[PDB]
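*Asks:* Here it is, the structure in full.
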Amino acid sequence: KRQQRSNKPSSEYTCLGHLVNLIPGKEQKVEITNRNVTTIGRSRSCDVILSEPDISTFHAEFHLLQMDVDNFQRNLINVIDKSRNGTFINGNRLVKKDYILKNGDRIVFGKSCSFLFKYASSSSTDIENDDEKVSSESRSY
Amino acid sequence: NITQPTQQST
């Protein structure tokens with residue numbers, strides 16, 4: 001007789017954003033799904049498992065939301081710190097319990113662990129055949 | 001998967 005029924009585990013929801021770990025000896029890329037809630041720490045159950053010997057299990061939580069308006073999809077990220085070890089976002093200490101994170105945002109967990117967040121959308125393109133024309137305020141040089 | 005809880009830092 002078997003000893004397994006139904007589905008308990010749950011992962012690989014839907015691609016949306018990623019986390020890049022800035023290290024002077026390497027780099028680490030993490031995948032962020034539309035789980036509404038993301039866990040960061042040492043707990044394997046958490047969303048993102050850092051490589052720190054003293055990384056808080058509940059270190060921090062990230063809210064991944066995806067909504068469609070007009071035609072495209074607008075995603076927003078929220079940072080929540082339980083307050084215990086030490087989490088720094090945007091190079092500054094967090095005080096509020098409802099920080100809004102967007103594309104191109106540097107995040108630091110603990111003190112040394114530093115990573116940048118950016119939306120993955122689906123599949124980026126190269127800058128070899130992608131010219132940037134001035135009209136919708138894209139650049140200024 | 002059993003991981004060590006939170007700890008103190010320097």
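Residue names in the structure tokens use chain letters A, B, ... in the order shown, residue numbers from 1 in each chain, and ligand numbers from 1 in the order shown.
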Could you list, as a ChimeraX atom specification, the residues of chain B having an atom within 7 Å of chain A when counting only C-alpha atoms?

*Replies:* /B:1,3,5-8

*Asks:* Take the residues from that selection and write them out as a PDB file, in the first residue's frame, keeping N, CA, C and O atoms.

*Replies:*
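Wrote part37.pdb, looks like this:
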```pdb
ATOM      1  N   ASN B   1      12.660  19.561   7.161  1.00  0.00           N
ATOM      2  CA  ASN B   1      13.754  20.566   7.141  1.00  0.00           C
ATOM      3  C   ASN B   1      13.806  21.350   8.450  1.00  0.00           C
ATOM      4  O   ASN B   1      13.004  22.256   8.674  1.00  0.00           O
ATOM      5  N   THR B   3      15.861  23.896  10.691  1.00  0.00           N
ATOM      6  CA  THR B   3      16.928  24.891  10.696  1.00  0.00           C
ATOM      7  C   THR B   3      17.041  25.562  12.062  1.00  0.00           C
ATOM      8  O   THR B   3      16.055  25.679  12.790  1.00  0.00           O
ATOM      9  N   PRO B   5      17.043  28.264  14.865  1.00  0.00           N
ATOM     10  CA  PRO B   5      16.298  29.517  15.044  1.00  0.00           C
ATOM     11  C   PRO B   5      17.189  30.744  14.890  1.00  0.00           C
ATOM     12  O   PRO B   5      18.313  30.651  14.395  1.00  0.00           O
ATOM     13  N   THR B   6      16.681  31.894  15.320  1.00  0.00           N
ATOM     14  CA  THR B   6      17.429  33.142  15.233  1.00  0.00           C
ATOM     15  C   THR B   6      18.581  33.159  16.237  1.00  0.00           C
ATOM     16  O   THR B   6      18.565  32.426  17.225  1.00  0.00           O
ATOM     17  N   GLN B   7      19.576  34.000  15.974  1.00  0.00           N
ATOM     18  CA  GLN B   7      20.734  34.112  16.854  1.00  0.00           C
ATOM     19  C   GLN B   7      21.180  35.565  16.984  1.00  0.00           C
ATOM     20  O   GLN B   7      20.666  36.448  16.297  1.00  0.00           O
ATOM     21  N   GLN B   8      22.141  35.807  17.870  1.00  0.00           N
ATOM     22  CA  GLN B   8      22.656  37.154  18.091  1.00  0.00           C
ATOM     23  C   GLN B   8      23.784  37.472  17.113  1.00  0.00           C
ATOM     24  O   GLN B   8      24.375  36.571  16.518  1.00  0.00           O
TER      25      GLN B   8
END
```

*Asks:* Any idea what's packed within 7 Å of residue A:29, counting only C-alpha atoms, ignoring anything in its chain fewer than 2 positions away? Could you give it as JSON, numbers by chain?

*Replies:* {"A": [18, 19, 20, 21, 27, 31]}

*Asks:* Select from chain A everything DSSP, run on the backbone, classes as strand (DSSP E), then give the selection as a ChimeraX atom specification.

*Replies:* /A:15-23,26-33,38-41,48-49,60-69,72-81,87-89,92-93,99-101,105-109,113-119

*Asks:* Quick one, how far is atom CA of residue A:117 from atom CA of residue A:100?

*Replies:*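 Separation between atom CA of residue A:117 and atom CA of residue A:100: 12.1 Å.
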
*Asks:* Can you tell me, as a VMD selection string, what residues are no more than 9 Å from stretch 65-71 of chain A when counting only C-alpha atoms, ignoring any on the same chain fewer than 6 positions away?

*Replies:* chain A and resid 16 34 to 37 77 to 78

*Asks:* Store the residues picked out above in a file with C-alpha atoms, as a PDB file, in the first residue's frame.

*Replies:*
```pdb
ATOM      1  CA  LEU A  16       7.249  38.044 -11.130  1.00  0.00           C
ATOM      2  CA  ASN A  34       3.079  35.773  -6.503  1.00  0.00           C
ATOM      3  CA  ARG A  35       2.711  34.114  -3.101  1.00  0.00           C
ATOM      4  CA  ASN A  36       1.287  37.298  -1.588  1.00  0.00           C
ATOM      5  CA  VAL A  37       3.763  36.589   1.207  1.00  0.00           C
ATOM      6  CA  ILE A  77       6.194  44.890  -2.945  1.00  0.00           C
ATOM      7  CA  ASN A  78       5.908  45.559   0.791  1.00  0.00           C
TER       8      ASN A  78
END
```
